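Here we start with a single chain on its own, the form deposited in one PDB entry, put down as structure tokens.
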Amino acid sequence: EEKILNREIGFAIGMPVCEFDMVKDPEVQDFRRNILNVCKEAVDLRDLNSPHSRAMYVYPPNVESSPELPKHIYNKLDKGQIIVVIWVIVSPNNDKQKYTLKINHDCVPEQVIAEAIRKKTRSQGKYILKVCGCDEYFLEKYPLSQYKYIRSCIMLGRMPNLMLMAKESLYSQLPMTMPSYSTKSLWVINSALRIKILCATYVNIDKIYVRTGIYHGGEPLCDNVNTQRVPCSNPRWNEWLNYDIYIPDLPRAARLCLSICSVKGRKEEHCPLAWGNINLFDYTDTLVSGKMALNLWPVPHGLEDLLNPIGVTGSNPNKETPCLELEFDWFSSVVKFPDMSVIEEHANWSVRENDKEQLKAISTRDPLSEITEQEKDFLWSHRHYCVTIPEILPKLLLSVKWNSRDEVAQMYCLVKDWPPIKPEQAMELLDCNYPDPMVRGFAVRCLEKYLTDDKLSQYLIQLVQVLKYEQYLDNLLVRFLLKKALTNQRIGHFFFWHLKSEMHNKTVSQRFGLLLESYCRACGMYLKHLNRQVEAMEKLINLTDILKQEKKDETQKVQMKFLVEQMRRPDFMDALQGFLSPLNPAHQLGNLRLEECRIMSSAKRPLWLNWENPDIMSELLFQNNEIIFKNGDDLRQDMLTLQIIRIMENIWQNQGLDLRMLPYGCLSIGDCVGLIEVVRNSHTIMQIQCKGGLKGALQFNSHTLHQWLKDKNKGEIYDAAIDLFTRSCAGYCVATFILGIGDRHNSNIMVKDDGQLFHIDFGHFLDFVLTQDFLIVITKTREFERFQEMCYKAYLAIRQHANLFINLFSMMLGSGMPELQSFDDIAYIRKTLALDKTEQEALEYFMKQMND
């Protein structure tokens, strides 16, 4: 009954649901019950126009955010019309009958269906269109060219192949539950803040001390205060630390950031041994008081500082770790943060053309540009004129003295009536610099208003990451993402996998596990599919573990014999066949084609897997799905680079710059485990050179690449391939340069039969690469001038969207990626984009880099 659902949820998360029942934290239990409101609202939205609304939940339209086709895409059409092939399965014999149409690019799915009925009768609105080869439907009245598949066909030159299907055939397959577990004002406390550091347990160099601070985000609200140094032992300090801040001046998001530091005498070497952060107010707005024990966390690699203020808040669940005992003051009553009306009353009681141009210039600086003390005072004094340049809100929020309740009360009034800003600008307000709940609430409301499901999917990795910067389990951001996940199954699929992949990380495991329980409880029959995906991934992790540890250096043929022997076991055959691809849940993975699978020779010995596509029309898309499974590489850097490449391509496409990129799929499934989408018909430059080269001859020649392209494209198709190569080469030259991608050797650069060039392996970023061989394919015979112009325009287009790229990296700051540990790492993009120069000065910098 409910025990069956809880067992399936437990297998999906990787931890039993009864472990959440054991958690005594009132915040945990209140989250579990209060989040059910979002579950019910999503379930009600699915039954609104049932069964059509339920079908659009399971099969949402995969569309672009704009119907307007850029001038260069419209030119690929035949007088604004497209040729589509509509297929029908006739039964008996399941014969595939096609009907070819020439219709307006903006025809809605029902108009396409009506035109197919006309063509079929040359030898009624109860039909739907499906993409041939995959479980993707056109269930919504969008213009046909707005669907990503159709838009992608126009660009790739391919002909769209759709399948006409009875509406009742699909609706019949759509499957048809609340769980059992369902004062003084802060401003009247006249005293200053003091916190007692009692003692530490589970700390066995010369002397030890506790480093403390009051922080709002990563900014200290007063000076940091340390306890006395004590000789190691299990130190007792019994010392009240006094902060230069009065209790009423404490902002709502104020935190205590602790560290147990060691001192080693030589000048003195100070090292943090463990760290922990505490919210000074709990989720119910109560200022903390009384005794409290905090279990600390291990210091993350590359900290450098003594405190970790960006780090997660709360006690380490492993209670066998350094444990610090603290005491807060009790003011003879439960103290609460004042209501918005009370703050409003205090904000009221708290009271040129050269200025307008200076405010406009400050507003246009990137998120990492430094804002001086004079500028902060200038912005705050003109705070009322600022509501007329809404894009200045991030700069104005950093000008506020958060340790002054008079300025904060006035900022709350400005935030309450601030005009909405674009989602790419509102995402800046969700990073670690903006912990204030009013600032975060405004940013979330801008996302609910202006974020399409396409853009939400595009930015999902950052939105799941910024959940770690939230003070509490229950917040506006989590409610927004969970609702969107429970009303769009494509969002829910990746939402589940982004959370599940981080369950090994104990700093987030409880937050993400509780969030996963509410998702699994309301996602419906998709939980059964997710369980099959989980089981296939576990079986592949076990298989690659044995391969890398036991048969580490065995031959490929002896490795395959173990693979085939393990795929003789019933549990393995069941687990690795008949499940949806986590890279794209529209792709069903049928039977494993072991004869096409292999253990790759590459580092960590990845698995190259091949499955039959069991779609009735598989031949019209791809008969087999190939996926690389890797155990050992942190695929998070690759995921982020692949997302950035996708965004850069959209920037270029919308500006009339057809620079074709290949952001293939990559998904992190857990700790250094994951999947990589195989681009079919592709080869590395090293493989192209070791094809033109013979047995014993040099595997090194700069004229081989252009020769292999000519053999693959003879005739009229040669001109198209050279143009595609030039455009894609231009895009990747600009991209790898701006992002500072390393290891750009001929085994990490690939080419497709059609001329399309792309890069792979992004283990290095944020710290130019071209060969003579590529120049031969593209020295300056008019083709180099056209290629140069492409690079210049591509470089400037990315420079105009620099704030978005800086923000996407800034939101990932708390992931733990070795190449992205502070805002100084992101400053590498400010240098390549030359944001400290003018538009013409940045182009000359880029031209000097290209000529070098």
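In this text, the rigid core denotes the largest set of C-alpha atoms whose superposition between the two forms falls within 1.5 Å. In this text, residue numbers run from 1 along the sequence as written.
For the cut-off of one third of the other compared entries, residue 131 stays well clear, since all of them model it along with its flanks. Among other deposited entries of this protein with both flanking residues present, none omit coordinates for residue 604; it is modelled throughout, well short of a third.
According to the PDB entry, the deposited sequence contains 10 or more residues between residue 182 and residue 183 that lack coordinates.
The gap between residue 767 and residue 768 holds 10 or more unmodelled residues of the deposited sequence. Between the stretches 316-324 and 417-425, it is 417-425 that shows the larger average CA temperature factor. Look at the mean CA B-factor for 107-115 and for 743-751 in the entry; the higher one is 743-751.
Across the residues 223, 677, 249, 344, the deposited record lists the maximum Cα B factor for 344. Of the candidates 805, 57, 31, 823, it is 823 whose Cα B-factor is highest according to the PDB record. Ranked by C-alpha B-factor against the other modelled residues of its chain, residue 62 falls in the lowest third. Residue-level temperature factors show residue 227 in the lowest third of its chain, judged at the C-alpha atom. Placement of the Cα temperature factor of residue 198 within the chain: lowest third of the modelled residues, per the deposited record. Among the modelled residues of the chain, residue 138 sits in the lowest third by CA temperature factor in this PDB entry.
The deposited CA B-factor of residue 623 belongs to the middle third of values across its chain.
Omitted here: the form deposited in another entry. The next part is about that form.
The one residue among 681, 374, 341, 555 whose Cα position changes by 2 Å or more between the shown form and the other one, with the core held fixed by superposition, is 555. Core-superposed comparison between the shown form and the other one: CA of residue 696 displaced by 2 Å or more.
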